[PDB]
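Analysis of the macromolecular model
Each chain is listed here by its residues.
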Amino acid sequence: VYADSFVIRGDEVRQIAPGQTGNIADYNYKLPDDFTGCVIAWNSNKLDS
Amino acid sequence: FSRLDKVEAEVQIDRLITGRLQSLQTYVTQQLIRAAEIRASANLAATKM
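Here's what I pulled together on the structure shown here. Within each chain the first residue of the written sequence is number 1 and the count goes on from 1 in that order, possibly differing from the entry; residues lacking coordinates are omitted. Note on labels: chains are lettered from A, ligands numbered from 1, in written order. Remember that the shown chains come from a larger assembly, so read each value as a statement about the shown part. Side-chain figures throughout are based on the complete set of non-hydrogen atoms in the structure, without hydrogens or water.

**Some details on the overall build of chain B**
Under the convention used in this document: Counting from the N terminus, the helices are the DSSP runs of H or I reaching at least four residues and the strands are the DSSP runs of E reaching at least two. Remark: exposure states derive from per-residue accessible area (1.4 Å probe, protein chains only) relative to the maximum for the residue type, with buried under 20%, exposed over 50%, and partly exposed in between. The method behind every accessible area is Shrake-Rupley, applied with a 1.4 Å probe, and residues are considered shielded solely by the protein chains displayed. For the purpose of counting charges, residues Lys and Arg are taken to be positive, whereas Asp and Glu are taken to be negative. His and the chain ends are not included. To locate a charge, the coordinates of NZ of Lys, CZ of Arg, CG of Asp or CD of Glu are taken.
In terms of regular secondary structure, chain B is built from one helix and zero strands. Once the C-alpha set of chain B is aligned to its principal axes, its extents read approximately 65 × 15 × 10 Å. Out of the 49 residues belonging to chain B, those deemed buried represent 2%. When the accessible surface of chain B is split by element, carbon and sulfur atoms take 59% of a total near 4,900 Å². Of the side chains in chain B, 7 bear a positive and 5 a negative charge, and the two mean positions are spaced by 14 Å.

**Some words on the overall build of chain A**
Regarding its fold elements, chain A presents zero helices and zero strands. Taking the principal axes of its C-alpha atoms as reference, chain A extends roughly 35 × 25 × 15 Å. A total of about 4,600 Å² of accessible surface is found on chain A, and carbon and sulfur atoms cover 53% of it. Across chain A, the 4 positively charged side chains and the 7 negatively charged ones have centroids separated by 8 Å.

**Some points on the layout of surface pockets**
Take a probe with the size of a water molecule and roll it over the atoms, and the empty space left behind shows itself. We count it as follows: For each structure, a 1 Å grid was placed over the protein atoms alone; sets of points admitting a 1.4 Å probe that cannot get out are labelled cavities, open sets with protein on both sides within 12 Å along at least five of seven lines are labelled pockets, and lining residues have an atom within 4 Å of a point. Grid points are joined across faces, edges and corners, and a volume is the space filled by probe spheres set on the points. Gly is put with the polar residues, along with every residue not named as nonpolar or charged; the nonpolar set is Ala, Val, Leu, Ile, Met, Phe, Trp, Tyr, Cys and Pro, and the charged set is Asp, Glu, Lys and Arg.
As a volume, the largest pocket reaches approximately 880 Å³. Class assignment of the residues belonging to the lining of the largest pocket gives a composition of 16 nonpolar, six polar and three charged.

**Observations regarding a negative patch on the surface**
The condition that has to hold: The patch calculation keeps residues exceeding 30% relative accessible area without a salt bridge and links them within 9 Å when they carry like charges or within 5 Å when they are nonpolar (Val, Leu, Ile, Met, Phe, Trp, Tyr). Take a side-chain nitrogen of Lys or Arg and a carboxyl oxygen of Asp or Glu: if they are within 4 Å of each other, that pair is a salt bridge.
Among the surface-exposed residues, A:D33, A:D34, B:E10 and B:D14 lie close enough to one another that they form a single negatively charged patch. By relative accessible area, which is 43% here, B:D14 ends up partly exposed.

**Describing empty space enclosed by the protein**
All names here are of chain A. Summed over the entire model, instances satisfying the criterion amount to one cavity of 30 Å³ or more. Computed from the structure, the largest cavity encloses a volume of approximately 40 Å³. Taken together, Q15, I16, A17, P18, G19, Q20, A25, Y29, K30 and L31 make up the full set of residues lining the largest cavity. Across the lining of the largest cavity, the residue classes break down as six nonpolar, three polar and one charged.

**Here we look at the pattern of salt bridges**
If you walk through the whole model with that rule in mind, you get one salt bridge over all chains. Between A:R9 and A:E12 there is a salt bridge whose closest N-O contact spans 3.5 Å.

**Here we look at a nonpolar patch on the surface**
Residue and element names in this part refer to chain B. On the surface, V28, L32 and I33 cluster together to form a nonpolar patch covering roughly 270 Å² of accessible area. Considering the arrangement of structural elements, one finds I33 in helix α1 (residues 6-48). What makes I33 exposed here is its relative accessible area of 54%.

Shown next, in the form of structure tokens:
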């Protein structure tokens, strides 16, 4: 089991799914096409901002 | 391939390839019948000679 971690803008949370493209899906962090496991995303406006 | 997601592309293309392979089995199973009747005419013409 491996648990990654990062903080991205709210608009681009849809972009971590496999098979997407953009400025956070090809130049920073790209998931493989045959991904297993799953993503746990939640708003954190209280702490980061 | 060029207008839909890669993770869901597997089921779409797999739908078509099974269709062709099923359609290929129909062609061969007709020749097995056809080859089994020319075999009769190949075994009666071997008698008149």
